[PDB]
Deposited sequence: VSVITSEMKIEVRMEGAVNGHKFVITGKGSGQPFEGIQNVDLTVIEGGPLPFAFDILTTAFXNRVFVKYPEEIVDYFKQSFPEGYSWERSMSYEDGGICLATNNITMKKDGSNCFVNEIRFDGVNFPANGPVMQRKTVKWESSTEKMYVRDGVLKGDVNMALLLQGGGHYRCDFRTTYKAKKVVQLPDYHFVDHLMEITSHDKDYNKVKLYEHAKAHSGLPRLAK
């Protein structure tokens, strides 16, 4: 039995460091779990102005916000109210790498709100690279490949940041999702993602995010 409802709130707190630069970001938002859409408004409360591209942080601020078709098992919505956590490695093509974790739970009170405890760390970003030089434009849309491994769920996705001077900067995501209770495990499937920073101030001390995600079984064998 799922306790998820059409309109739920979001609360997040991220603490971390990139190339040794510490920072803390908090935020609030809301999402529609069944429609696979969400909004998050963030504020850098420590470490601002950030010396690195804010884009590397955006995907770390909840797969519960994915429109899952009836035919595919939804690992995430089943996990609440207890929730789940995730671990992720993000390996960039120039050697830069980031690791992040998120522990997600629902508030005891019937406020229908998700709480996110996030840790984010990145190292080895070249001084002349697009991340430290803040030359990124946006993340392209993507399709995450979901598969079960040793009783938990894994998600791998080829990501790419469009750069100011044109061209792309690739990053490989490897995520492990762990429900806090026994839930039904899904067969191999996919999750399409589309996101964007809908608003931000000069130094990205204030940032608004939007994400739309939908699960599917891939291209059908027959054309048309």
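Could you please spell out the deposited residue ranges that have no C-alpha entry in the coordinates?
Residues lacking C-alpha coordinates: just 62.
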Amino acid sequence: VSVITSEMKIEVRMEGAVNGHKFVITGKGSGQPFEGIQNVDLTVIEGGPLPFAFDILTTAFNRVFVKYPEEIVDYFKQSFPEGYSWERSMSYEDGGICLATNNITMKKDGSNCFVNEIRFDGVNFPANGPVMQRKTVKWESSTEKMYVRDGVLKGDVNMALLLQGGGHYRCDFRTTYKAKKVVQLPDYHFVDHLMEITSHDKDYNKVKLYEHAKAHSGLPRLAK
From here on, numbers count along this sequence of modelled residues.
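If you take the mean CA temperature factor per stretch, which one wins between 149-157 and 105-113?
So the stretch with the higher mean C-alpha B-factor is 105-113.
Which has the higher mean CA temperature factor in the PDB entry, 85-93 or 125-133?
It is 125-133.
Among 184, 58, 62, 175, where is the Cα B factor highest in this entry?
It is 184.
Quick one: which of 216, 202, 13, 212 shows the highest Cα temperature factor in the PDB entry?
Each of 216, 202, 13, 212 was compared by C-alpha B-factor; the highest is 202.
Would you please rank residue 53 by its C-alpha temperature factor against the other modelled residues of its chain and give the third it falls in: lowest, middle or highest?
For residue 53, whose C-alpha B-factor we compare with every modelled residue in the chain, the answer is the middle third.
Taking the values exactly as deposited, rank residue 170 by C-alpha B-factor within its chain and report the matching third: lowest, middle or highest.
Its C-alpha B-factor belongs to the lowest third of this chain's values.
Going by the entry, which third of its chain does the Cα temperature factor of residue 42 land in?
Middle third.
With respect to C-alpha B-factor, does residue 67 fall in the lowest, middle or highest third of the chain as deposited?
It belongs to the middle third of the chain when residues are ordered by C-alpha B-factor.
Quick check on the deposited entry: does the C-alpha B-factor of residue 191 sit in the lowest, middle or highest third of its chain?
Answer is lowest: the recorded C-alpha B-factor places it there.
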